[PDB]
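# Summary of the model geometry
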Amino acid sequence: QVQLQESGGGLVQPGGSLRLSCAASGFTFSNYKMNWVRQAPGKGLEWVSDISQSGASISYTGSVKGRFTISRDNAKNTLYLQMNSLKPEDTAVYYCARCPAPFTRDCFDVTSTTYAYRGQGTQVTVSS
Amino acid sequence: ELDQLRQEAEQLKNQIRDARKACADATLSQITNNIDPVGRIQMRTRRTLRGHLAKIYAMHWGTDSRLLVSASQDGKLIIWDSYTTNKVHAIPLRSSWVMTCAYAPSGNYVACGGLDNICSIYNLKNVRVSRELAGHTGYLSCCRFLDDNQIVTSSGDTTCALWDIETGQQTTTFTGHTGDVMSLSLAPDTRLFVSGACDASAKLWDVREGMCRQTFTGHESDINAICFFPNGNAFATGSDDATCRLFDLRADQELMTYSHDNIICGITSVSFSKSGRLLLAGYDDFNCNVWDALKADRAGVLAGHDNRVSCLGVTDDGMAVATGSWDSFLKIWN
Amino acid sequence: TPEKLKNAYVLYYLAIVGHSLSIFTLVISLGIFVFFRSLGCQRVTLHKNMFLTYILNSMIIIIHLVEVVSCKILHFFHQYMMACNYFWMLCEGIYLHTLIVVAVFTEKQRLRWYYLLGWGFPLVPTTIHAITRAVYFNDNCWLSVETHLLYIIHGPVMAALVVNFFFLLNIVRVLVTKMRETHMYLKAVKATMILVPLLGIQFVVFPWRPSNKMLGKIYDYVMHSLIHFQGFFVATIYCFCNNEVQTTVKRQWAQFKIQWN
Amino acid sequence: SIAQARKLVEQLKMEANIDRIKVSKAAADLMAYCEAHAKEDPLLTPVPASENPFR
Amino acid sequence: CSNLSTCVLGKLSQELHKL
Amino acid sequence: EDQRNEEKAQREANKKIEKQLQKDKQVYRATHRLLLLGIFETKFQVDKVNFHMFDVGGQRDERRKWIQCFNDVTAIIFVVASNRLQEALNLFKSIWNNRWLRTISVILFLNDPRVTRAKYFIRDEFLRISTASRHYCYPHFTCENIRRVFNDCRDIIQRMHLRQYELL
């Protein structure tokens, strides 16, 4: 029983901002390792960011490093992603993925071919 | 068009959830706790079968309850004789990567499936390949025999399949999951087989129709191994969140949870006793905890192995438990 | 002379304490290899024969110690055990050099050859010494070591050790290159020092007892201490500081607490 | 993904129509099976070394 | 053996035996 | 009166099998199993040693179950393609920190001023994950390629034997 719901999205100006709020229900959120994953229209799934189990070790993709910053909060049982000065080239569908094992550090959740533990998708859209 | 359908599914899903909680009205721990526990179980190793070279990945007993077949990663399928620890047959495999072995209930056929995504069938009346089933597109995780003619296999491209041996084609295909279907067990009436997959979902399939009858989602990570309760109304599942859960077929929900905070180690194999009171679970921290399945207490610990236990089987007469681990030893416990 | 008698007595005390302690640890270390069948490897089985030789060498020396034609015969056994022990160190050095450098993959193909060099070969120089000493010299108990006829038995032993020293030079040369391609000095000095007792390279680096009395006495103390505890230092680094046996011992003890009571 | 969604909804209604026995009854049935066959279980109740084929 | 390191026991045993 | 016959039958049934497997254990341990990444198994000989390599091109990309079978192998050949690079870094970061593949080495194949810096950049990024955590990465480049897998697994077996004596 793992269901991941997401907020945020919508048409934005170039150089605006957006907050994507992944809501997690069903599992014990303190033991797992969260991940955000794009899917640009016409591209495959790409990777964005992650947090470790405590809220300490953060990585990013090179294209979003310095612009996006993410954070979870285990008591609220949520995950966030704050984008800043968005490009007109990075409109995508954002998912909230979870690595499939408790208390590990390895993840295999960039796949499109039927990954189970990921969210619905939030269409961030940038017009001009 | 998609959003409106999703709301209809969500409303339908809501009808499931409220009905399940309403139907429950008690938990299994409450009624059971007044009965006397079984205490401590002392199981002593009686045989240690040493013929393999690489890690023993899967073992299957026979309905003769004397011969067992084990398949290691060196490409050898060995039919042991558990009473007098002698080897009856050694069969070379075309693929050395073999993740399962199955022994037919009549004792005439031995099937092993590997990462070559081909189930192979070996005749036992030298011993040679008889029929090879090549229809899956992923890999082959577990396989079981219904009778000598038809074999059910759980592949790793999200589909269980029912095979006919004399023809070579899949008679029915089961495509409900969303993850690699790791393990199947068969009901004692041999009409319903549960399948555990990587969705944290166990599904109940009726082998004649070909559709998902029931779905049991109460786990948090990939379901490794699954085994029926010996009457056919319940089953236990082992997962990677170090939790064994007992789900009932008739009440359609989870009865019990077998877990401790000292247990941060994922289950690799589950099996029941003859009556069903004892639940045996192999873990990957190299021991096999024994659970009083009615009361969720630890009856005992089987700690004889040296590496990760992969398969665990209890005989049909209920006399022995044979575990197979990654140190190439099958130890038979009584 | 009182000082010499006192000096000999302390060394005699050191020999009894040094060897008895060494044999006690060695039997436990050798016992671990035979008892635990999980540790079966090509080096380990070769190590098992070396360990019994240390057990065999220590007991014969202590039995020689208490007594100090039957006297001669026990000394002949002592000559063979002492010689074979040094040759076995060459055999392990031969195996380690071949395993690391020459033929990198598993080298259980020539195991018969090692036994002939290890056990069968020491018989020929010792039998030559026993036959030659009786006819040429006819020494009592063979208890004279100052004779010039001991070269025949000890000439191969010294030859085996010096080429063994060459093997250590290759191993360190290989090791430093591996570390560099990956605090390296600390590991390198530690690696050479642990290698010395098993290969038996203390003898070659300190070959002769010097003529000066002050230098000789300190030399006497360091040589006696290392040799008497050489079997002890082989048993600790290769059965207790060795990591794979350390894991095996830990799991076995855990079972010993739960199934006992 | 609209065509795929239809498959999930039809699967859901098929599994939603079942009637569910209560947990109180189902726990009583599982308890009853264990009570009846506990005598004939060689792991719960141990067998002597004459009856045990592995001995 | 001529007081080599190879036969430490030989010179140890001999001196004590003489004295 | 047939118990004696059964013992006589089995013991000379078991003895022919046990002497068969000891003539197969020699061939099993003389086989250096390999894995490729990025169903077909091809064994081959270079300088009289056997490399049994299993390509996994027929499997799906949900790798969290079938990669645990491959823990036994000597060296995992890694082939990258050049956002096809960063998603290859995250697979290498996942097999590096796995609790069953912690002791398995990795060989990289990544298949004139501008290109040279680009080749250097890929080498630096991969070398930054090896320093994050018993197993060492081996990078290579474009432009014989099977001799580099022989010459780099020989370094793995030398380093596998130095650990046994606690040297390196």
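Residues numbered from 1 in each chain as written, not as in the entry; some residues may be left out. Chains lettered and ligands numbered in written order. Heavy atoms only, no water. Residues with missing side-chain atoms left out of burial classes, pairs and counts.

## Concerning the overall build of chain F
Put simply, the rule reads: Strands are runs of DSSP state E lasting at least 2 residues, helices are runs of H or I lasting at least 4, and numbering of each runs from the N terminus.
For chain F, the count of helices and strands is four helices and six strands. Listing each helix as α and each strand as β along chain F from the N terminus yields α-β-β-β-β-α-β-α-β-α. A principal-axis box enclosing the C-alpha atoms of chain F has dimensions of 85 × 35 × 30 Å.

## What about the UniProt feature "transmembrane region" in chain C?
All names here are of chain C. We apply this condition: UniProt positions are given in the numbering used here, feature names are shortened, and annotations may be inferred rather than shown by experiment.
Cross-referencing UniProt, the feature "transmembrane region" maps to residues 10-32, 45-65, 72-94, 112-132, 149-172, 188-206 and 215-241 in the present numbering. This span, residues 45-65, is 100% helix and 0% strand, and a straight line between its end C-alpha atoms measures 31 Å. In residues 188-206, helix accounts for 84% and strand for 0%; the two terminal C-alpha atoms are 21 Å from one another.

## Things to note about the side chain of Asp90(A)
All names here are of chain A. Rules: Throughout this description, buried means an accessible area under 20% of the type-specific maximum (1.4 Å probe, protein chains only), exposed means over 50%, and partly exposed covers the range between. Here a residue-residue contact requires only that any non-hydrogen atoms of the pair lie within 4.5 Å.
Among the secondary structure elements, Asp90 is positioned in the loop between β8 (78-84) and β9 (92-98). Residue classification places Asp90 among the buried residues on the basis of a relative accessible area of 5%. Look past the residues within four positions of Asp90 in its chain and what remains in contact with it is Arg38, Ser63 and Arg67.

## Let's talk about the pairing of strand β11 (residues 150-155) of chain B
All names here are of chain B. Formally: At least two bridges found by DSSP between two strands are what make those strands a pair.
Most of β11 is tucked away, with five of its six residues classed as buried. Bridge analysis of strand β10 (residues 140-145) against β11 gives five bridges, and the strand direction is antiparallel. Residue pairing across strands places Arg144 opposite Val152, the latter belonging to β11. Between β10 and β11, which pair antiparallel one after the other, the connecting turn spans four residues. The sheet contact formed by β11 and strand β12 (residues 160-164) spans five bridges and is antiparallel. Bridged to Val152 within β12 is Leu162. Between β11 and β12, which follow one another and run antiparallel, lie four residues, and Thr158 among them has a positive phi close to 70°.

## Topic: the environment of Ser106(B)
All names here are of chain B. With respect to the helices and strands, the residue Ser106 is situated in the loop between β6 (98-103) and β7 (109-114). We classify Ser106 as partly exposed; its relative accessible area is 42%. Distance from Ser106 to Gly62, taken between C-alpha atoms, is 8.3 Å for residues 44 residues apart in sequence.

## Regarding the sheet that holds strand β15 (residues 192-196) of chain B
Put simply, the rule reads: Orientation is described by lines fitted to C-alpha atoms, with helices fitted over the stretch in contact, and by angles between N-to-C directions that extend from 0 to 180 degrees.
Taken together, four strands build an open sheet; the order of strands is β14-β15-β16-β17 (chain B) and the sheet is antiparallel. If you trace the sheet from one side to the other, it starts and ends with β14 (183-186) and β17 (212-216) of chain B, each paired once. Here the strands of the sheet are splayed against their neighbours by 20° on average, with no regard to which way each runs. In terms of strand pairing, strand β16 (residues 202-206) of chain B meets β17(B) through four bridges, oriented antiparallel. Bridged to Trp205(B) within β17(B) is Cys212(B). Of the strands in this sheet, β16 and β17 of chain B touch helix α1 (residues 2-16) of chain D, which is tilted by about 85° from β17(B).

## A few points about the state of the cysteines
Under the convention used in this document: Any pair of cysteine sulfurs within 2.5 Å is marked as a disulfide.
Tallied over the full model, the rule gives four disulfides over all chains. What pairs with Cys71(C) in a disulfide is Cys141(C), and their sulfur atoms sit 2.0 Å apart. Judged by the sign of its S-S torsion, about 110°, the bond between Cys71(C) and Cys141(C) is right-handed. Of this pair, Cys71(C) sits in helix α3 (residues 70-102) while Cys141(C) sits in the loop between α4 (111-136) and α5 (151-181); the two residues are 70 residues apart in sequence, bridging distant segments of the chain. Residue classification places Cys71(C) among the partly exposed residues on the basis of a relative accessible area of 22%. In this structure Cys119(B) is a free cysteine whose sulfur lies 4.2 Å from that of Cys143(B), the closest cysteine sulfur available. Considering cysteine sulfurs only, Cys265(B) is the nearest to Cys244(B), which forms no disulfide, with 9.6 Å between them.

## Topic: the interface of chain D and chain B
We apply this condition: Buried area: the accessible area, evaluated with a 1.4 Å probe, that two parts lose upon being put together, summed over both parts. Here, a salt bridge means any side-chain nitrogen of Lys or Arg that lies within 4 Å of a carboxyl oxygen of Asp or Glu. Polar contacts here mean pairs of N or O atoms no more than 3.5 Å apart (in protein, one a potential hydrogen donor and the other a potential acceptor; neighbouring residues in sequence count only if both atoms are side-chain atoms).
Contacts between chain D and chain B engage 37 residues on the former and 57 residues on the latter. Together chain D and chain B conceal approximately 4200 Å² of surface at their shared face, both sides included; 72% is due to carbon and sulfur atoms. In this assembly, chain D and chain B are joined by two salt bridges. Put simply, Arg20(D) and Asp252(B) hold a salt bridge, and the shortest N to O gap is 3.6 Å. At the junction of chain D with chain B, the criterion picks out seven residue pairs in polar contact.

## Here's the deal with the arrangement of the chains
Where seven pairs of chains are in contact, the pair with the most contacts is made of chains B and D. With no contact between them, chain A and chain C keep their nearest C-alpha atoms 23 Å apart. In this view chain A stays clear of chain D, with the nearest C-alpha atoms of the two still 12 Å from each other.

## Some remarks on helix α9 (residues 230-239) of chain C
Of all 10 residues making up α9(C), seven are buried, and the element is well covered by its neighbours. All buried positions along α9(C) are accounted for by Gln230(C), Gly231(C), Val234(C), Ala235(C), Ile237(C), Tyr238(C) and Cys239(C).

## Let's talk about the sheet that holds strand β2 (residues 56-61) of chain B
Taken in spatial order, the four strands of this open sheet run β2-β3-β4-β5 (chain B), and their pairing is antiparallel. Both outer strands of the open sheet, β2 and β5 (86-92) of chain B, are each paired with one neighbouring strand and no more. Pairwise comparison of adjacent strand axes, ignoring direction, gives a mean angle of 20° for this sheet. Two strands pair when backbone bridges link them, and strand β4 (residues 76-81) of chain B and β5(B) are joined in this way by six bridges, in the antiparallel orientation. By the bridge assignment, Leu77(B) is partnered in β5(B) with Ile91(B). Those strands touched by helix α1 (residues 3-29) of chain F are β4 and β5 of chain B, and its axis lies near 40° from that of β5(B).

## Section: the interface of chain B and chain A
Listed per partner, the contact involves 16 residues of chain B and 14 residues of chain A. The contact between chain B and chain A buries some 1000 Å² in all, and 42% of this surface belongs to carbon and sulfur atoms. The tally of links from chain B across to chain A stands at zero salt bridges. Put simply, chain B and chain A have seven residue pairs in polar contact between them.

## Topic: the packing of aromatic side chains
Going by this rule: Ring pairs shown here join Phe, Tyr and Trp side chains whose ring centres sit within 6.5 Å, with only the six-membered ring taken for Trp; geometry is labelled stacked below 30 degrees between planes, edge-to-face above 60, and tilted in between.
Under the counting rule described, the total for this entry stands at 42 aromatic pairs over all chains. Taken together, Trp97(B), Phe54(F), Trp66(F) and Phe70(F) form an aromatic cluster joined through their ring pairs.

## Notes on the nonpolar core
A general tendency of soluble globular proteins is for nonpolar side chains to be buried together. Quick reminder of the rule: We define the nonpolar core as a collection of buried residues of types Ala, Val, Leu, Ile, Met, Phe, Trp, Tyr and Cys that are connected through side-chain atoms lying within 4.5 Å of one another.
Counting 67 residues, the largest nonpolar core has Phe51(C), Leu195(C) and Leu167(F) as its most contacted members. For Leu195(C), the residues in contact, after removing those within four places along its chain, are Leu96(C), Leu168(C), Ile171(C), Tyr238(C) and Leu167(F).

## Observations concerning the side chain of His52(F)
The topology assignment puts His52(F) in strand β3 (residues 50-55). The exposure class assigned to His52(F) is buried, which follows from its relative accessible area of 7%. Not counting chain neighbours up to four residues away, the residues in contact with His52(F) comprise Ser96(B), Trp97(B), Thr31(F), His32(F), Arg33(F), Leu34(F), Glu41(F), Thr42(F) and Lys43(F).

## So, the pattern of salt bridges
When the charged atoms of two side chains with opposite charge come close together, those side chains can pair. Residues and elements named next belong to chain F. For the structure shown, the criterion picks out 33 salt bridges over all chains. Between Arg4 and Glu1 there is a salt bridge, and its shortest N-O distance comes to 3.2 Å. Assessed through its relative accessible area of 46%, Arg4 is described here as partly exposed. Between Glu62 and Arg64 there is a salt bridge, and its shortest N-O distance comes to 3.1 Å.

## Some details on a positive patch on the surface
Using the following cut-off: Residues enter patches when their relative accessible area tops 30% and they take part in no salt bridge; the joining distance is 9 Å for like charges and 5 Å for the nonpolar side chains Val, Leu, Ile, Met, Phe, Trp and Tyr. For the area figures, the Shrake-Rupley method with a 1.4 Å probe applies, and any residue is considered shielded solely by the protein chains shown. In this tally, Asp and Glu contribute negative charge and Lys and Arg positive charge; neither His nor the terminal groups of the chain are included. A single reference atom marks each charge: NZ on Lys, CZ on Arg, CG on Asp, CD on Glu.
Positive charge collects at one region of the surface, where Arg105(A), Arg102(F), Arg134(F) and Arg163(F) lie side by side. Among the structural elements, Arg134(F) can be located in the loop between α3 (113-130) and β6 (137-138).

## Topic: the packing of α4(C) against α5(C)
Residues and elements named next belong to chain C. We count it as follows: Each angle gets one of four labels, with under 35 degrees taken as roughly parallel, over 145 as roughly antiparallel, 65 to 115 as roughly perpendicular, and the rest as oblique. Each crossing gets its hand from how the near helix is turned against the far one by less than a right angle, where anticlockwise is left-handed and clockwise is right-handed. In this classification, the charged set is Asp, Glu, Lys and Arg, the nonpolar set is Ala, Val, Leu, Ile, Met, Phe, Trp, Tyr, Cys and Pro, and all remaining amino acids, among them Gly, are polar.
Following both chains from N to C, one finds α4 and α5 inclined at 160°, their axes separated by 8 Å at the closest point. Our classification of the angle between α4 and α5 gives roughly antiparallel. Our pair here, α4 against α5, has a crossing hand that is left-handed. Where α4 abuts α5, its residues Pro125, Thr126, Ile128, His129 and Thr132 lie against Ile152, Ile153 and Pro156. A class-by-class count of the residues in the contact of α4 with α5 yields five nonpolar, three polar and no charged.

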